[PDB]
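Here's the structure, in structure tokens; my notes come after.
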Amino acid sequence: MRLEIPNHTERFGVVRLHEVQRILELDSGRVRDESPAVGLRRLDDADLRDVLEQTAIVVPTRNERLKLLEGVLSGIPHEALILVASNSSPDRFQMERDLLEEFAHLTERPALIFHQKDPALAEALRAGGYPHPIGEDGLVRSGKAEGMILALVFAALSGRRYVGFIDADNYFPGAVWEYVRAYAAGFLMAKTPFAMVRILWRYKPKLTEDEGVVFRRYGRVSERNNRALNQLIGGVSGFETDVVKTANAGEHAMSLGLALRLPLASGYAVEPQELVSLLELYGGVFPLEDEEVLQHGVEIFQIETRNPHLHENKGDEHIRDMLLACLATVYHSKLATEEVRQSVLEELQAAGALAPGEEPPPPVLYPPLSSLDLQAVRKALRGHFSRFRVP
Amino acid sequence: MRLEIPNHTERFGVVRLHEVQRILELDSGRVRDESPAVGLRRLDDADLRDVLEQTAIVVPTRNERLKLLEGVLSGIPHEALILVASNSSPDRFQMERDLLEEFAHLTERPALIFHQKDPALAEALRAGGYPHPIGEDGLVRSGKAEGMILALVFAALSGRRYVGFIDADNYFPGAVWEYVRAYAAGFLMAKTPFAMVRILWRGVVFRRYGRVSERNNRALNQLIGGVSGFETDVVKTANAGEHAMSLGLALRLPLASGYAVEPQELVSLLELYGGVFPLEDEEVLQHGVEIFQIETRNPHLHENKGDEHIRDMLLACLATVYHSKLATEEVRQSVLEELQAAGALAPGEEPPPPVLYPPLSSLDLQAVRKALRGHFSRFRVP
Ligand SMILES: [Zn+2]
Ligand SMILES: [Zn+2]
Ligand SMILES: [Zn+2]
Ligand SMILES: [Zn+2]
Ligand SMILES: [Zn+2]
């Protein structure tokens with residue numbers, strides 16, 4: 001993989017937020033003659049695969065088409081682990097298990113699969129002193145955040161350093177292959193054990209070009225979200241930026257060391273929160289206690305894939321609460337300067353937030369997973385790793 | 001790349017058509033030991049790239065969106081030689097050389113690019129005593145067939161062993177990638193210098218298109234079954250535009266001119282090597298021919314309009330069959346019914362016979378290198 005090298009990079013504390021870098025070439029072969037290009041970077045295949053051997057790839061599902069989900073698997077680079085995180089119909093789950101075993105069997109490759117509403121998992125967490133997501137029904141509640149918590153525990157238990165997430169909603173297994181290598185690309189390029197890789201794919205329309213009156217309005221929001229994020233940064237920085245182009249980077253990857261360090265939000269605020277949290281924690285505008293991070297800093301990679309991201313999902317409550325969740329997390333940052341709060345307030349109640357006079361509900365964040373006793377977890381799950389493990 | 005073993009295999013003279021193999025895993029990684037569970041074929045990435053290192057990838061273009069074409073190039077594996085075969089409008093073509101020079105520069109890799117209508121390329125073939133594709137205006141005529149001819153020439157000249165074609169129409173570089181790797185996979189499973197790889201992929214108009222194809226592949230299995238005496242289901246890729254093939258095999262095939270190429274390709278393999286005729290090719294008689302049909306994980310989203318475009322695709326195809334010197338009476342017969350049953354015309358009406366170009370072996374490369382001598386560098390892209 002050849003990548004362009006971000007011409008600019010945003011320094012915010014010990015955070016290093018790099019501009020969007022385009023993938024120039026998907027598979028740039030086996031390097032022998034290095035030629036040193038200053039402007040771009042050629043990732044050697046074998047390096048990429050070595051990173052991927054240390055990577056778990058989480059593929060969440062809640063009653064996704066199987067045909068699609070299986071197609072997503074075929075495309076995942078061989079070296080990566082593969083964890084299917086499930087919240088599907090009791091019996092749909094069963095099919096997914098069957099689907100994964102067959103695949104893993106045939107591809108001679110290891111995999112785990114688990115279910116959000118599994119009670120063992122609920123016990124596992126509270127044994128490790130992290131009861132924070134358990135429902136009243138006595139088990140880990142549904143939610144995006146809740147999913148990741150389970151994902152990161154398995155990543156951890158499995159001994160991988162890197163974990164990244166793929167949307168099973170993808171007609172294109174080749175697109176998946178690129179997205180995963182791009183994570184590897186990111187961690188390769190990275191120079192600190194605290195790293196995040198956030199994929200995007202961005203598209204230019206026009207007056208004489210079709211997109212449907214719903215793909216259009218989807219761009220109109222991410223643009224604003226990214227905006228609201230640079231508004232937050234700029235607010236602290238004093239210098240107006242435009243570096244975040246990935247506020248809603250659902251498909252993202254993150255070194256476990258970084259992952260376990262961040263808090264997490266429940267709704268659509270997740271992706272946007274990640275960023276906010278990183279800046280709150282490592283922006284400098286606060287005492288930062290953590291030695292190793294302050295010492296190596298954080299790099300956030302924003303990589304632009306060659307393949308279109310075509311995931312089937314739309315309508316109001318999607319695209320709308322998409323907006324509300326995000327600008328709420330900004331309004332509430334411990335980093336917001338008054339003008340940032342206000343600028344953001346307006347877009348909300350002047351697009352429905354029931355005014356005048358109204359505030360978004362604050363973020364509801366889980367605490368970092370560093371908290372969680374992993375040994376207690378390993379002890380608490382002894383007699384069940386059979387059933388998570390797919391031979 | 002892991003893929004399924006083909007269920008069965010049609011032996012026909014020294015030709016063997018393999019049944020479809022589904023790609024199961026996009027990238028199987030690096031083998032260092034084996035439990036090669038013979039259910040499937042696991043293919044090492046080193047071996048794949050070693051093959052790619054001797055493969056030309058032709059990308060034709062006739063006035064293609066440019067973003068669309070860059071995209072495609074980005075998805076070609078590194079080890080492959082990139083051949084852009086243009087017949088675009090004059091300055092669209094200038095944009096093309098530009099686009100490719102910038103690509104190949106930044107990605108540190110060799111490309112070729114030529115324009116079908118270039119006067120030097122006429123001379124070049126003249127000299128090598130293959131004057132056939134040159135037309136009235138003293139230039140090579142437009143057409144799928146003619147494109148390929150020029151493309152095989154460069155492939156040859158540049159000493160690559162395998163040539164594959166790829167459709168610039170693709171919205172997904174990641175698809176391109178799987179495609180080109182698929183080609184390599186075929187050659188790597190090939191147990192013969194002479195091999196073919198054909199890619200396939202299993212809207213009321215798409216329906217009409219799907220149907221037209223079912224019918225095309227049918228006609229091709231009747232042709233086969235007609236000679237062996239036993240019905241075969243094999244051949245699912247009668248119209249497989251995206252195919253690769255080994256140069257040895259390419260320079261040996263005659264070439265039908267337009268919408269008839271891919272089917273004719275199959276027909277000719279059978280006439281020539283299917284053992285019903287005098288076969289003098291010490292090498293082909295002795296290594297034989299493998300045809301691979303590979304089903305890709307990645308869909309094919311080539312925008313292809315015109316309803317009648319597809320009608321043409323049909324007549325095109327049943328024509329090559331009707332006219333094979335291998336069609337029994339009853340094959341010649343069914344095809345016919347079927348045809349005039351939606352076109353062809355009259356109570357009866359013999360579809361036009363195929364205008365074929367003869368094999369490119371009939372050509373003298375060194376004459377050609379001679380003639381292209383002072384020019385190889387407007388074709389070579391630094
Ligand atoms: Zn810049
Ligand atoms: Zn995506
Ligand atoms: Zn069959
Ligand atoms: Zn021999
Ligand atoms: Zn295709």
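Chains as they are written, first to last, in the entry's author numbering: chain A, 1 to 391; chain B, 1 to 202, 212 to 391.
Note that the Cβ used here is the ideal one computed from N, Cα and C, for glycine as well.
Rounded to the nearest angstrom, how far is the Cβ of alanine 353(A) from that of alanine 269(A), given a contact under 8 angstroms? Their Cβ separation, rounded to whole angstroms, is 15 angstroms, which puts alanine 353(A) and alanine 269(A) out of contact at 8 angstroms.
Given that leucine 260(A) touches chain B, what residues does it touch there, using C-beta distances under 7 angstroms? Residues of chain B whose Cβ lies closer than 7 angstroms to the Cβ of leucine 260(A) do not exist, since the nearest Cβ in that chain is about 28 angstroms away.
Under 7 angstroms, do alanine 168(B) and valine 58(B) count as touching if we go by C-beta distance? no
Continuous alpha helix (DSSP H) assignments of at least 4 residues falling wholly in the stretch 330-363 of chain B: Listed in chain order, they are 338-349.
With 7 angstroms set as the bound, which would you pick, yes or no: does the beta-carbon of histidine 8(B) sit closer than that to a beta-carbon of chain A? no
Which residues mark the beginning and the end of the alpha helix (DSSP H) in which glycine 164(B) is found? No alpha helix (DSSP H) holds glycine 164(B); the beta strand (DSSP E) holding it covers 162-165.
By Cβ distance below 8 angstroms, which residues in the same chain neighbour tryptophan 201(B) in space, the five residues on each side in sequence not counted? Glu304, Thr305, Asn307, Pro308, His309
Drop a sphere of 10 angstroms on the beta-carbon of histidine 115(B), count the other beta-carbons inside from all chains shown, and report buried for 16 or more, exposed for fewer. buried
Using a Cβ-Cβ cut-off of less than 7 angstroms, list which residues of the stretch 303-325 of chain A approach chain B; keep chain order. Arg306, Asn307, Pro308
Mapping the DSSP letters down to three states, classify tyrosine 282(B) as helix, strand or coil. helix
May I have all residues whose beta carbon comes closer than 6 angstroms to any heavy atom of ligand 4, sorted in chain order? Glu292(B), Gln295(B), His296(B)
Can we count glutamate 251(A) as close to ligand 2, meaning its CB is less than 6 angstroms from some heavy atom? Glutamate 251(A) Cβ: within cutoff of ligand 2.
Using alpha carbons as the reference points, say which of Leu348(B), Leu288(B), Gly39(B), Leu43(B) lies closest to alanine 184(B). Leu43(B)
Looking only at its own chain, which residues have a Cβ that is under 6 angstroms from the Cβ of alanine 124(A), when we skip the five neighbours before and after it? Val377, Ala380, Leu381
If you measure from the CB of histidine 132(A), is any heavy atom of ligand 5 nearer than 6 angstroms? no
Note down, in chain order, all residues in the stretch 164-175 of chain A with a beta-carbon under 7 angstroms from any beta-carbon belonging to chain B. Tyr171, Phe172, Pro173, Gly174, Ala175
Look up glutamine 302(B) in the DSSP assignment and say whether it is helix, strand or coil. strand
Looking at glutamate 19(B) and ligand 3, is the gap between the Cβ and the nearest heavy atom below 6 angstroms? yes
So which residues of chain A does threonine 107(B) contact, with C-beta pairs closer than 8 angstroms? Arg2, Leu24, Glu25, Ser28
Is the distance from the Cβ of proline 363(A) to the Cβ of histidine 332(A) below 7 angstroms? yes
Proximity to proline 131(A) [Cα-Cα], best of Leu372(A), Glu178(A), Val390(A), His384(A): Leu372(A)
So, under 8 angstroms CB-CB, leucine 188(B) and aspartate 47(B) are touching, yes? Tell me the CB distance rounded to an integer number of Å. 6 angstroms
Going by the C-beta, is residue 393(A) closer than 6 angstroms to any heavy atom of ligand 1? Lying before the first or after the last residue shown, residue 393(A) is absent from chain A, which here runs from 1 to 391.
Exposed or buried, what is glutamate 346(A) when buried is set at 16 or more other beta-carbons lying within 10 Å of its beta-carbon? exposed
Any residues in the stretch 49-82 of chain B with a beta carbon nearer than 7 angstroms to a beta carbon of chain A? Which ones, in chain order? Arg49, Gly71, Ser74, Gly75, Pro77, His78, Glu79
With DSSP run on the structure shown, which of helix, strand or coil describes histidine 318(B)? Correct three-state label for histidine 318(B): helix.
Comparing alpha-carbon positions, which option in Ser86(A), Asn170(A), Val31(A) lies nearest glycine 71(A)? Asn170(A)
Excluding the five sequence neighbours on either side, which residues of its own chain have a C-beta within less than 7 angstroms of the C-beta of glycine 186(B), listed in chain order? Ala195, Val197, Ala253, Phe301, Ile303
Could you pull the start and end residues of the beta strand (DSSP E) that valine 58(A) belongs to? That run of the beta strand (DSSP E) goes 55-58.
What does the Cβ neighbour count give for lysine 314(A), buried or exposed, with the cut at 16 atoms within 10 Å? exposed
With hydrogens ignored, establish whether the beta-carbon of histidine 318(A) is closer than 6 angstroms to any heavy atom of ligand 2. no
Between residue 457(A) and the rest of its own chain, which residues show a CB-CB distance below 6 angstroms, the 5 nearest in sequence each way excluded? Here chain A comprises residues numbered 1 to 391, so residue 457(A) is not present and cannot be evaluated.
What's the C-alpha gap between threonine 107(B) and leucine 150(B)? In a straight line, the C-alpha of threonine 107(B) is about 25 angstroms away from that of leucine 150(B).
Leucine 275(B) beta carbon less than 7 angstroms from that of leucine 229(B): yes
Minimum Cβ-Cβ distance from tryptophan 201(B) to chain A less than 7 angstroms: Answer no: the Cβ-Cβ gap between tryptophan 201(B) and chain A never drops below 7 angstroms.
Out of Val293(A), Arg2(A), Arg30(A), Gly383(A), which one is the CA nearest neighbour of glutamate 178(A)? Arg2(A)
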